[PDB]
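Coordinate inspection notes
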Amino acid sequence: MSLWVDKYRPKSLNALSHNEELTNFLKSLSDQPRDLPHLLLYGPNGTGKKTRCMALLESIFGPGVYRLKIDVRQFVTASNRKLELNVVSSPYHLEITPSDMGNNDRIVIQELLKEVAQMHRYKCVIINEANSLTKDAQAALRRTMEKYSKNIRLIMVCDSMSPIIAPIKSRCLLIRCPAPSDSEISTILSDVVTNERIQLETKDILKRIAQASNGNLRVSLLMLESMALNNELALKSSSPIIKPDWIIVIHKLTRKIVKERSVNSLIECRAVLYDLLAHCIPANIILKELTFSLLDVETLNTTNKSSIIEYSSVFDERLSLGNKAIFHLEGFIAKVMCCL
Amino acid sequence: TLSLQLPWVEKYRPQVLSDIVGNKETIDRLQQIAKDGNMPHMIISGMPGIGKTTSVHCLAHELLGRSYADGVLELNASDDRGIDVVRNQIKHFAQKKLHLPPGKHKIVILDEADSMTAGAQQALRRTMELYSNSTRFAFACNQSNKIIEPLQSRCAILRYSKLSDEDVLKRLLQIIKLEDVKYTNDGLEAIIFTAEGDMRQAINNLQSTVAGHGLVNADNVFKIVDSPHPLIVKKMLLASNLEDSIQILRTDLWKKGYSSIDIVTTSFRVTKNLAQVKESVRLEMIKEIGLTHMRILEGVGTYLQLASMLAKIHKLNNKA
Amino acid sequence: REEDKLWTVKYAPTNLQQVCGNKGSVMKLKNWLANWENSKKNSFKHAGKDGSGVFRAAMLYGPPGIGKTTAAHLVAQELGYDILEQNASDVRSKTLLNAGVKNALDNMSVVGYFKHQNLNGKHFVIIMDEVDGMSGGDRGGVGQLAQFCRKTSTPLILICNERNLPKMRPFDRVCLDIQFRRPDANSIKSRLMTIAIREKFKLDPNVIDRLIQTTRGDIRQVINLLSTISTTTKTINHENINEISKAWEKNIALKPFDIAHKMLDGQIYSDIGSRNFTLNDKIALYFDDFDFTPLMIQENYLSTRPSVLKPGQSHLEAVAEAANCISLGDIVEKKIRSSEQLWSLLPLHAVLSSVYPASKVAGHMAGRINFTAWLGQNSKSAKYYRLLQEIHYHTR
Amino acid sequence: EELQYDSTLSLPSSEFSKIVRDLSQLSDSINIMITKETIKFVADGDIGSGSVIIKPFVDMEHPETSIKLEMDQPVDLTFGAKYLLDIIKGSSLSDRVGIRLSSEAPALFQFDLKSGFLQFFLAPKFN
Amino acid sequence: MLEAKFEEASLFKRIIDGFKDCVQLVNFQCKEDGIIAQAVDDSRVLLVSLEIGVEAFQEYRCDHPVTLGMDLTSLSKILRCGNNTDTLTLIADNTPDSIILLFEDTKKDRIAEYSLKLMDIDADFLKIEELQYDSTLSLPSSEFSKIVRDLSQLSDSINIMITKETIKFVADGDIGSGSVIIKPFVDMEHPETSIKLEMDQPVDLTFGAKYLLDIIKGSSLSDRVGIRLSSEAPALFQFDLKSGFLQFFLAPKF
Amino acid sequence: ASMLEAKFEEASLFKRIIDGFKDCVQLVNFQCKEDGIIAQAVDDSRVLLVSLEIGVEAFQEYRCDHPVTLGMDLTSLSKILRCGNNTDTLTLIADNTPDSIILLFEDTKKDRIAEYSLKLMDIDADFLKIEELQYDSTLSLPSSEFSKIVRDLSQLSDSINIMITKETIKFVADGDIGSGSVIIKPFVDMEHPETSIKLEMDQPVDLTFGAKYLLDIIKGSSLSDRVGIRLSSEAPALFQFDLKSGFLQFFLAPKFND
DNA sequence: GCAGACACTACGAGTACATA
DNA sequence: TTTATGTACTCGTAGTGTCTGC
Ligand SMILES: Nc1ncnc2c1ncn2[C@@H]1O[C@H](COP(=O)(O)OP(=O)(O)OP(O)(O)=S)[C@@H](O)[C@H]1O
Ligand SMILES: Nc1ncnc2c1ncn2[C@@H]1O[C@H](COP(=O)(O)OP(=O)(O)OP(O)(O)=S)[C@@H](O)[C@H]1O
Ligand SMILES: Nc1ncnc2c1ncn2[C@@H]1O[C@H](COP(=O)(O)OP(=O)(O)O)[C@@H](O)[C@H]1O
Ligand SMILES: [Mg+2]
Ligand SMILES: [Mg+2]
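Thresholds applied
Residues numbered from 1 in each chain as written, not as in the entry; some residues may be left out. Chains lettered and ligands numbered in written order. Part of a larger assembly, values for the part shown. Heavy atoms only, no water. Residues with missing side-chain atoms left out of burial classes, pairs and counts. Helix = DSSP H or I, 4+ residues; strand = E, 2+ residues; numbered from the N terminus. Rg over C-alpha atoms; globule rule 2.2 N^0.38 Å. Buried < 20%, exposed > 50% of the residue type's maximum accessible area, 1.4 Å probe, protein only. Contact = heavy atoms within 4.5 Å. Areas by Shrake-Rupley, 256 points an atom, 1.4 Å probe, with all protein chains shown as cover. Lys, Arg positive; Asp, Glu negative; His and termini not counted. Charge placed at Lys NZ, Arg CZ, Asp CG, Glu CD. Near = heavy atom within 4 Å. Polar contact = N/O pair within 3.5 Å; in protein donor to acceptor, adjacent residues only side chain to side chain. Nonpolar A, V, L, I, M, F, W, Y, C, P; charged D, E, K, R; others polar. Expected span 1.5 Å × (residues − 1). Buried area = accessible area lost by both parts, 1.4 Å probe. Salt bridge = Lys/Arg side-chain N within 4 Å of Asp/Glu carboxyl O. Pairing = 2+ DSSP bridges.

1. Regarding the overall build of chain E
A count of helical and extended segments in chain E gives 4 helices and 18 strands. For chain E, whose C-alpha radius of gyration is 20 Å, the value lies close to the compact-globule estimate of 18 Å for 254 residues. Seen through its principal axes, chain E has C-alpha atoms that stretch 55 × 45 × 35 Å. Counting only residues that meet the buried cut, chain E has 54% of its 254 residues in that class. Taking as baseline every contact in chain E between residues at least 6 positions apart, the subset at least 24 positions apart corresponds to 63%. Summed over all atoms, the accessible surface of chain E reaches about 12,200 Å², with 53% contributed by carbon and sulfur.

2. Focus: the overall build of chain D
Scanning chain D for helices and strands turns up 2 helices and 9 strands. Traced from its N-terminal end to its C-terminal end, chain D shows the element sequence β-α-β-β-β-β-β-α-β-β-β. The C-alpha radius of gyration of chain D comes to 14 Å, within 12% of the 14 Å expected for a compact globule of 127 residues. Each principal axis of the C-alpha atoms in chain D carries an extent, and together these give about 40 × 30 × 30 Å. Looking at chain D as a whole, 52% of its 127 residues are labelled buried. For chain D, the proportion of contacts with a sequence separation of at least 24, taken over those separated by at least 6, is 62%. Averaging the locations of the 12 positively and 19 negatively charged side chains of chain D gives two centres separated by 4 Å.

3. Thoughts on the protein's contact with DNA strand H
In the vicinity of DNA strand H, 23 residues are found, and the nearest of them are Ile83 of chain B together with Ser93, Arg337, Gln341 and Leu375 of chain C. Within the backbone of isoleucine 83 of chain B, a nitrogen or oxygen atom sits 2.6 Å from a phosphate oxygen of DNA strand H. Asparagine 378 of chain C has a polar backbone atom sitting 3.2 Å from a base oxygen of DNA strand H. Looking at the surface near DNA strand H, the elements that each hand over two or more residues are α5 (83–95) of chain B together with α5 (94–98) and α18 (374–395) of chain C. At 5 residues, the largest contribution of residues to the surface near DNA strand H is made by α18 of chain C. Partitioning the surface near DNA strand H into residue classes produces 9 nonpolar, 9 polar and 5 charged.

4. Some thoughts on the protein's contact with DNA strand G
Residues in contact with DNA strand G amount to 14 residues; listed here are only the nearest, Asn80 of chain A together with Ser135, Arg139, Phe287 and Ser344 of chain C. Counted by atom, the contact set of DNA strand G within 4 Å of the protein is 57% sugar and phosphate. Between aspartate 138 of chain C and DNA strand G, the recorded distance is 3.2 Å, taken from a side-chain N or O atom to a phosphate oxygen. Grouping the constituent residues of the surface near DNA strand G by class yields 3 nonpolar, 6 polar and 5 charged.

5. Overview of helix α8 (residues 185–198) of chain C
End to end, α8 of chain C covers 20 Å across 14 residues, agreeing with the expected 20 Å (1.5 Å per residue, within 8%). With its phi angle positive at about 45°, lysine 200 of chain C sits one or two positions after the end of α8 of chain C.

6. Things to note about the interface of chain C and chain B
At the junction of the two partners, chain C supplies 50 residues and chain B supplies 42 residues. Note on chain C versus chain B: buried area summed over both sides is about 4,300 Å², and carbon and sulfur give 54% of it. Viewed at the interface, chain B and chain C are joined by 12 residue pairs in polar contact. Elements with a minimum of two residues in the side of chain C that touches chain B: α10 (219–232), α13 (271–276), α14 (279–288), α16 (315–336) and α17 (346–358) of chain C.

7. Structural notes on the site of ligand 3
Residues and elements named next belong to chain A. Of all residues adjacent to ligand 3, which total 18 residues, the nearest are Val5, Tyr8, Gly46, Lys49 and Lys50. Taking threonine 51, its side chain carries an N or O atom lying 3.1 Å from an oxygen atom of ligand 3. Protein chains shield 92% of the accessible area of ligand 3, which is 570 Å² for the free molecule. Among the secondary structure elements, those contributing two or more residues to the shell around ligand 3 are α3 (49–60) and α9 (217–230). The element that contributes the greatest number of residues to the shell around ligand 3 is α3, accounting for 4 residues. Of the residues belonging to the shell around ligand 3, the class tally is 7 nonpolar, 7 polar and 4 charged.

8. Focus on the site of ligand 2
Around ligand 2 sit 19 residues in total, of which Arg154 of chain B together with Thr8, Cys20, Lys68 and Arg220 of chain C are the nearest. With respect to ligand 2, the chains having nearby residues are chains B and C. Here an oxygen atom of ligand 2 and a side-chain polar atom of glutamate 129 of chain B are 2.9 Å apart. Contacts to ligand 2 include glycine 67 of chain C, whose backbone N or O atom sits 3.3 Å from a nitrogen atom.

9. Comments concerning the arrangement of the chains
Contacts are most numerous, across the 7 pairs of chains in contact, for chains B and C. A minimum C-alpha distance of 24 Å separates chain D and chain F, which share no contact.

10. So, the interface of chain E and chain D
Each partner contributes to the interface: chain E provides 14 residues, whereas chain D provides 18 residues. Scanning the region where chain E abuts chain D turns up 0 salt bridges. The interface formed by chain E and chain D holds 6 residue pairs in polar contact in total. Looking at the side of chain E that touches chain D, the elements with two or more residues in it are α2 (72–81), β8 (111–113) and β9 (115–117) of chain E. The leading source of residues in the side of chain E that touches chain D is α2 of chain E, at 4 residues. Classifying every residue of the side of chain E that touches chain D by side-chain character gives 5 nonpolar, 2 polar and 7 charged. With 3 bridges joining them, strand β4 (residues 49–54) of chain D and β8 of chain E adopt antiparallel strand pairing. In the strand pairing of β8 of chain E, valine 52 of chain D is matched with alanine 112 of chain E.

As structure tokens, then:
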């Protein structure tokens, strides 16, 4: 595909040279497929956890695991509310995601695992974005994965595994996937630019991409593609760093909060927050980015920074215990401006 | 199996509008309607036990002494008050040809109309607007907020009020003269204080005390019926000196077998209806009691949660 | 047989000039109903300044007891049309409405043959009262009535109470929008002077304003009130007016704007206001519209100039304090609407979402009450989500 | 009042009920037509269009099974479905129904009893 | 260009009554040799195929094969209009967007003509997989209908097992259990009511109760139902007609 | 060999007894002894009792070594009974300490034996014997006539007042939409003795009954052609339907009067 | 006797409210 | 487009059983 992030993807453990110890551990797991416990890969987002999962699946089952077939399924919920979710099936395994409505995913995960559990010997199941499951769904998944073990195996992919309940973490073998280093990102981007055709003259731009990505391979590749098509396939040593529009508007909101403290500024911040929430960004990441942009302002004193981070923790807990996702952010911004 | 004596609640149930004691203006209006005859649609509302449905029944009896069994329809939540049954039965009754006296109309009594469905009330609106020169409706609900606005528009709202202690005392002495029993004035005052305006509660407490002991004395009354939990909870909340509230709780609510949920809900109601303290402290206290209520409902029901709620309340009271 | 009927039926408007108040609505309705013939021969395409030609049906809405039914019936009877009244007492689901007046929309009357100069005596006027009483919603008759408005060969008249229901949405502009208001005190005053003359009870010319304003212009309850008062005491003056007012206050459930407007007033949270308007009254005010009140407080809890500020406390600090309790009440609302469904926490949600946040930002307002904007942005966010999972399914 | 109708159709009640229940399963309206001594029961709906043509005759074997019609003026009349079903619900009283059609007057569906009748007055729709 | 004049509309009536509930939309791919149709349910687990030859029709003339996408509720209403002694005449035009169902009676007292439009339904994939079936039995349709109804009362999963000439319809549920066995009875005086089995290899197949109850509605077509089972191929319940037959294809559900 | 072996001739019989009280009772138990399969159960509302007894005459071959208790759900049992034809012969088969029974549907006309098993249940209702023997009025009328009377009087009201006088039986069903009064007098039909009505009046009886339970009583009118009502004050009514070997007698509690 | 015509109980699906 | 179980109500639906008459 025209995107360089997806078609520059390793297909086997041999191609993965990112982490020697993690690859050795995965090879150790793949040596004997007969006794394979349930996996749970955790770590920062975008480091390539799904790449490791697919490489391990190919190392265990064999080839053809990338021959994904988009099969659609129908579900029955309360009243007439009908949900249609397509399962990204494949030979030798199966992929499922909580892309359905958040409150009702228990029945879907329940009947998918019950159906696949009926029919090398086992069929793996990959659950992407597992931290987004409701706690009741994980409770249902617990006994489902415990009862059937000879038939089903779960490779459960999640970042920031704190919302995962204790029993699930108990019965899942935990694997840590550290974020890419600057050297690894630079090497991967050098491989990409060498395989492709970009007029590059200085290695400093690649390291600037690595610094700006914050250990995010996918975001680094998207940045490289974006400013490569922008710069007519000729990177310049003084090329400005392009950032997502969400980052730009979050920074603009941060400067607005810093420079002025008024109720009219608060209603403008409310309008901006409503726009961002309508732009489909999770409120947790919005709060984290707003807090980390506020702390980076040099005008703020250390006491203000401590108060900001304390209120940020409190309102992050409230966001995890809330369902409106806008009231908590508005309260956090009001508390921050009161502190400032 | 032994037989049972008729309870004093309906053994001395009033049959004449002069028997019921309460809002004097309301009873005089009911007597005037009784003498005149042209009864309008009325919605009687008030607290439980203050004589709402008995007044309606007495008024209907006085108005239709000879044709009560034929021209008075009585329905309640015990009947299938739904759109089909309301439509069929009320329309059959409102069109039935019964030759009442010139000043007397058919009366359709709907006890406890608060729990009645919206569509049934919508049908009742149309029925009242058609048939009003032959049949007159009469509702009796604890709260009139449930009844839709047009029904109140086409009726005559008549609200009752809690009886004063003098009227409860008068009725109690009337019943004590009716049936021989030895009483102490302290016992009667205790019964009235426990009743809190509820005449039916006073009659039940009096009957229970007479059956249990035979003498209406303060000790006997307090043995039959305990002190109400709102009062002890209000004493717990209003009192300063945190240790005193802690021991009041541990003595009068924990060892007396009151559930933690009941204590928290009673505290919420008391601090909502409290008037001695200002608004802001009431709001904070409601916030803290609500946090404790959330903890209790989540499952953590112990003595220490209530003690912590009292501690937070007292820290609020002493202004940190 | 007289002197047994209700005072609201014996003293009823017989002709069109006895309908006190809302003369403009009545004359507009009569003008619309009197020119439907030529509009029908004009294929509902050409209309005048008022637009009665292109409006195939006209619906009536307003507070109760102001004369929608009476005015509609008098207009229908006066111009020779044959009345056909419907109601919520007759079931109007899809089956009983498709097998109800569906045939009568393009069919003429049979009683007009033997009742006959009258040029519209062989026609029908469909007076559908109590259309708000039909809470069916989907497949509940509202779509069928929309179809009837789209295609009817006879005048169609609907009577309801108010338009802000989401059930009432499909009648946004397909039907005429004539509306009745609260009648003026002068017409009601003349009518009640006539009533007092007829029923030989004393009625002071000055207590009548208080009698009207307590009942909120509901004329029928006013006549019932005077009747039931004059049963035992036919003379009213300044002595009994306060007792009558406190005993016959209308007590309307407030409009979602009105709950916020009353709750944001700084007068009620003062020492005098707290005594007169107790905390239980504020809880009941929240529970009047407990669905929309928690939001409606939130969209405009910061657009008010404060008047209850503590000494040394800025407006922004009060706004932050209110926002903290909005965030706290969010958790209680989530716990109420969860798997456990702990619905005993609603009085908690009252204080945590409407009482306390409005107790810090009370005072006179910067602007008019702003409707809950969270609904529209939630809809737009949901559409954006659906688009994103759609392009995520397509991209794999 | 007694008025002369443009046409008077008399047919057995069982046959009429059969025909009208046949047509009511197709549309909510029936366009009864009497022209050229030929009754032209037709019905057109969303699902389709139906038509029944009958011929007035005399049955020597059983006169109550015959169709009798008199022609004075032509007719153009339209009727609903449920109304006609409610009319034919009483077809058990009389073997034959006497229907009189007028262009500007209600139809008169008449069932002769032994010592009386049950006559229905159904108003035709707009033309 | 289609003129299929039946001798009795009751044949077509009981055919459509046979497949009211198994499928709602059907494409009539009429040909010269007769009418064949293939239909798949919404669940994509039940397959119904009908075939009526010219031998049943009193008259038939179809020069050009035309695929007719036609509703079944409208046909049910139009054929409930029809009754005995009336000869249904299926008539179509050169480009028949609307169909004609003439009902011709013996007498000229009342002759009815009807119409029905043709909706757009995509032509179903004509899979012609005819894999051999291990065991073959044919029992009267009334007996099979009674057995399946009584066993579907108990549970929602009827097991069909064939071994040693004894078919054992077993359905196990919550209220209890149900087991019926059929011996290969042969009858001389009434050859129509008999049980004959051809057990080449034993099979053990489980089917859902809903589809097994749905396929019963075609019992009016034939007094005998022929069932042939294979361990992996879908079961074939076949209803004999005068000219052709109607068949049900349901895959085993283990 | 199974210890309980009860054979039914004309298996539609047991279906008729089961349908006699399937609607009114949801849970029964069958004390099977050497004398016969008796049963006794009380409804959820504790108003109507259903005693039952089937003698050894009704069974082709009956053998019950030890007393057996078979607590059952009547809905599932009636469903099992409906899984057969009247031509077939039914057999109840139970082993020692039974968990379920075995019901066989056999016929020599065509070998299509169907074996059904119904799970048992622990009702644990010891109840008590009938302690009512003296009744004032003892009347027997045809089941069809009584069922018809109950059917057309239940539509008017919910209370049916049965009054007994000197050779006069009166049913009063005054209700909201009107009233009713069915007066039937004793007569002996020589041509059809089964259609005769008999009366034996000792003391006057005036009892009212619920309409729904009386309809449940008359639902058993297909079991026997004649029903003998035995009324008495301060005593439940006894509607006894005779069988070929036993009876199906109901006990209905009259409504209170105040 | 068989097929309809009815009224009947029963099942399914959808709206509405949930503390005074 | 929101909540998210359980309850109650209301409706139209499909079978189910009983009575008439060809
Ligand atoms: N004014 C009164 N005078 C005399 N007895 C009274 C009076 N009010 C109540 N009672 C007694 O209270 C009982 C009747 O109470 P009810 O009127 O049934 O209560 P209620 O007014 O209907 O309230 P609810 O909503 O039904 S609990 C009888 O025992 C009466 O004697
Ligand atoms: N303009 C008016 N002047 C005097 N009396 C009036 C007037 N409008 C209404 N009334 C009185 O109200 C009675 C009936 O009014 P309606 O129009 O039926 O009330 P409504 O507008 O339909 O409100 P609903 O239907 O209860 S929501 C009449 O018989 C009069 O007694
Ligand atoms: N060893 C590696 N060499 C080169 N690229 C890699 C390697 N491991 C991961 N990647 C990159 O990671 C990207 C996929 O990341 P992804 O699996 O989507 O992360 P996550 O699992 O956190 O969503 C691919 O574009 C691929 O180029
Ligand atoms: Mg009461
Ligand atoms: Mg009105």
